[PDB]
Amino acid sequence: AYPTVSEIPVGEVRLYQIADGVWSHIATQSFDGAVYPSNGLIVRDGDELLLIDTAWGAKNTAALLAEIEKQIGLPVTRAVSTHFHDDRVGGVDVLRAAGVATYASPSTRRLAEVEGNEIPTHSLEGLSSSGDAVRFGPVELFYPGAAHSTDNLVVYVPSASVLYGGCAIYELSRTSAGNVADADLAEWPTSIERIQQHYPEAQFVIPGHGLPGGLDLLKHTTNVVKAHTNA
């Protein structure tokens, strides 16, 4: 049964196992008078743990490393940040403090620094053009073009057909868009096209916020975006 925002006090972290060596991490934060849940990904790489995205905060993130060790017992050696907002790079300093080599594209690094956000240590090359992909450990990394933001990346685990969309992918119950001051709404469904074509087998699909689903979510997300747009 997946955790929900109301089960997670602010500053605490949960883990949810999706498939052998594949988990999502969940945390909750305040963003103007309300508290929201946020998702991330953890994939086993043998003796070591690959992190996708922070827990939204230097504090939540210290609590993410705690629950990983308690519940998994392995060491996080590399983390990838899917885009440049604070639910994705916030916590990257704690991470580096505690031993992690932290990676994100050069677009992400440059945008985080202009914004006033924390900055990943190492550049990810091979993701500068729509449809580019690169292997990185036990996952694949995919830049499908502009959408939620100009630099957003998704992450596929072939060993288990888990597809992680980040904030470019909405959950089923979300019926309005909300936050888009950095989206490319026009380009966004063309970018979901590329994801659908590129991973049409995916059994599991994880959104930046909320409840997991399947490829249904790609259609569901395409629809919400074209509604915002027609109004």
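Residue positions are given as counts along the sequence shown, with the first one as 1.
For the pair 114 to 122 and 129 to 137, the mean B factor over Cα atoms is greater in 129 to 137.
Stretches 82 to 90 and 152 to 160 differ in mean CA B factor, with 152 to 160 having the higher one.
Comparing the C-alpha B-factors of 39, 176, 30, 54 in the entry, the top value falls on 30. When the C-alpha B factors of 35, 183, 58, 169 are read from the deposited coordinates, the top value falls at 35. Remark: residue 215 belongs to the middle third of its chain, ranked by C-alpha B-factor as recorded. Sorting the modelled residues of the chain by their CA temperature factor places residue 205 in the lowest third. Remark: residue 75 belongs to the highest third of its chain, ranked by C-alpha B-factor as recorded.
Placement of the Cα temperature factor of residue 192 within the chain: highest third of the modelled residues, per the deposited record. The entry lists a Cα temperature factor for residue 107 that places it in the highest third of the chain's modelled residues.
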